[PDB]
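Read the single chain below, which is given as structure tokens and is the form solved without the named molecule.
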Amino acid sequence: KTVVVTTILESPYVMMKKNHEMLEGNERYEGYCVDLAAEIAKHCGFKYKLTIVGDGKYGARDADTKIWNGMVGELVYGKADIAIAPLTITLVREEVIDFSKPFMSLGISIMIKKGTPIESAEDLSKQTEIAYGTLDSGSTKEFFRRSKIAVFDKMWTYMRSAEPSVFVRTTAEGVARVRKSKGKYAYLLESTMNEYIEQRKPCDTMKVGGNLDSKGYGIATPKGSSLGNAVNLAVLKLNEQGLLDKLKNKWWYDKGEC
């Protein structure tokens, strides 16, 4: 049977092709994860259908209902068989779903509009003229919410109460906000995305400072899935074969416009 793959529209991982309207099924999309999905399906020998997560979220647990949303939720509730996307491996998620060994290593980073007086997280936490936030329902927000280290704790105190909200529904929303904020907004996102955007027109943003942490993205499957073991070994094989590095260069810098 065809494996239902849940993913998210997030460049350069998954994007609709220029001529998607005249295309069908998986042919409508392109990106790092689209290529990854094809490679995995081939090595594990299965047919699949790419589907875009309904609520457009990565995955967080509602504190009140305890119900998971996003791709994590689609896996938890059996709406999808596997998630192939820039989904971060975290403790709370690992408790409800399975992750393969990472196919990409990254960390939380700072995105600024070129020229803003900020070079590090400590710099952001020591000022108020420049607002900053993170994506909603994700691992980055959880990071600051659950951080006991001085700098990040203070940043969270400011962000969780900030009015208007400094949080955004999608990476694209955060990037747009930085660009149109005349430098009065900094966005906290994973280095992978920061580095990608930094290489795209109008080439008006840049990553500053070192990453705040070190983690990875993993292919996720529901607990007790029969694809879990194989997919995990497939990821390792692809990394060692050099495919993952090949794909990283293909979608990040070979297509860079800055």
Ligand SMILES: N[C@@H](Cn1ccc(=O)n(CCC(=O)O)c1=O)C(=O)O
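Quick note: we count residues from 1 along the sequence shown, nothing fancier.
Student: According to the deposited model, is the average Cα temperature factor higher in 228 to 236 or in 29 to 37?
Tutor: Taking the mean C-alpha B-factor of 228 to 236 and of 29 to 37, the larger value falls to 228 to 236.
Student: Please compare 245 to 253 with 5 to 13 and say which has the higher mean C-alpha temperature factor in the record.
Tutor: Comparing 245 to 253 with 5 to 13, the higher mean C-alpha B-factor belongs to 245 to 253.
Student: Among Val92, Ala186, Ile82, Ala162, which carries the highest Cα B-factor?
Tutor: Answer for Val92, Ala186, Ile82, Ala162: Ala162, with the highest C-alpha B-factor.
Student: By the entry's C-alpha temperature factors, tell me which of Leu75, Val151, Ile108, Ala172 sits highest.
Tutor: The listed residue with the largest C-alpha B-factor is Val151.
Student: In terms of the chain's CA B-factor thirds, is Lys101 lowest, middle or highest?
Tutor: Bottom third by C-alpha B-factor.
Student: When the modelled residues of the chain are sorted by Cα temperature factor, does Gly115 land in the lowest, middle or highest third?
Tutor: Middle third - that is where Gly115 ends up once the chain's C-alpha B-factors are sorted.
Student: Looking at the temperature factor on the CA atom of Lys49, which third of the chain's modelled residues does it land in?
Tutor: Answer is lowest: the recorded C-alpha B-factor places it there.
Student: C-alpha B factor of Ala131, ranked within the chain: lowest, middle or highest third?
Tutor: For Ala131, whose C-alpha B-factor we compare with every modelled residue in the chain, the answer is the highest third.
Student: So where's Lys57 on the chain's Cα temperature factor ranking, which third?
Tutor: Ranked within chain, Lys57 CA B lands in the lowest tercile.
There is another form of the same protein, the form deposited with the named molecule bound; it is not shown, and what comes next is about it.
Student: Open or blocked? Place the named molecule on this chain by superposing the surrounding C-alphas onto its site in the entry with it bound, and call it blocked when 3 or more ligand atoms come within 2.4 Å of backbone or C-beta atoms.
Tutor: Result: blocked.
Student: Would you check, heavy atoms only and a 4.5 Å threshold, whether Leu189 touches the named molecule in the entry with it bound?
Tutor: Judged by the heavy-atom cut-off of 4.5 Å, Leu189 is in contact with the named molecule in the entry with it bound.
Student: Would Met193 show up as a contact with the named molecule in the entry with it bound if we use heavy atoms at 4.5 Å?
Tutor: Answer yes; at least one heavy atom of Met193 falls within 4.5 Å of the named molecule in the entry with it bound.
Student: Indicate whether the named molecule has at least one heavy atom within 4.5 Å of a heavy atom of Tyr217 in the entry with it bound.
Tutor: Although the named molecule is absent here, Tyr217 would touch it in the entry with it bound, with heavy atoms inside 4.5 Å.
Student: So, in the entry with it bound, is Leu87 in contact with the named molecule at a 4.5 angstroms heavy atom limit?
Tutor: Because a heavy atom of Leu87 falls inside 4.5 Å of the named molecule in the entry with it bound, the answer is yes.
Student: Rigid parts turn against each other between the shown form and the other one - so which of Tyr48, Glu142, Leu106, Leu23 is at the hinge?
Tutor: Hinge located at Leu106.
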